[PDB]
């Protein structure tokens, strides 16, 4: 994928309505169904302290950035086979760009 900054505003709504049930973004935020995402863009997959990852997510060992995050969010199970993230993906590129524009800011 090739990330292009979009609407952080739309991204925030997308996170709230598509991700928040399983993820928090704030520093010190709790793990829920999925791991807290604070600092995700300075980290490899499967490395958030305090979260119980699948071996699949850990072994993928993807150094998260705006580009492979877009690739991942297109189809998480195709990108990380065996992951337990029950999310089909954001198929529209503009949605992924919006979400990641927000996530880059929100997870710092």
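Numbering follows the first chain given and starts at 1. If you superpose the two forms and keep the largest set of C-alpha atoms that fall within 1.5 Å, you have the rigid core.
S.K.: Between 40-48 and 25-33, pick out the one whose C-alpha positions differ more from the shown form in 4 other deposited structures of this protein, using the rigid core for superposition.
M.R.: The more displaced stretch in 4 other deposited structures of this protein turns out to be 40-48.
S.K.: Comparing 96-104 with 21-29, where is the mean C-alpha B-factor higher?
M.R.: Per the PDB entry, the higher value belongs to 21-29.
S.K.: Comparing 33-41 with 52-60, which stretch shows the greater average C-alpha B-factor in the deposited entry?
M.R.: Higher mean C-alpha B-factor in the PDB entry: 52-60.
S.K.: What third of its chain's C-alpha B-factors does residue 12 belong to: lowest, middle or highest?
M.R.: It falls in the bottom third of the chain.
S.K.: Could you look up the Cα B-factor of residue 82 in the entry and say which third of the chain it sits in: lowest, middle or highest?
M.R.: As the PDB entry reports it, the C-alpha B-factor of residue 82 lands in the highest third of its chain.
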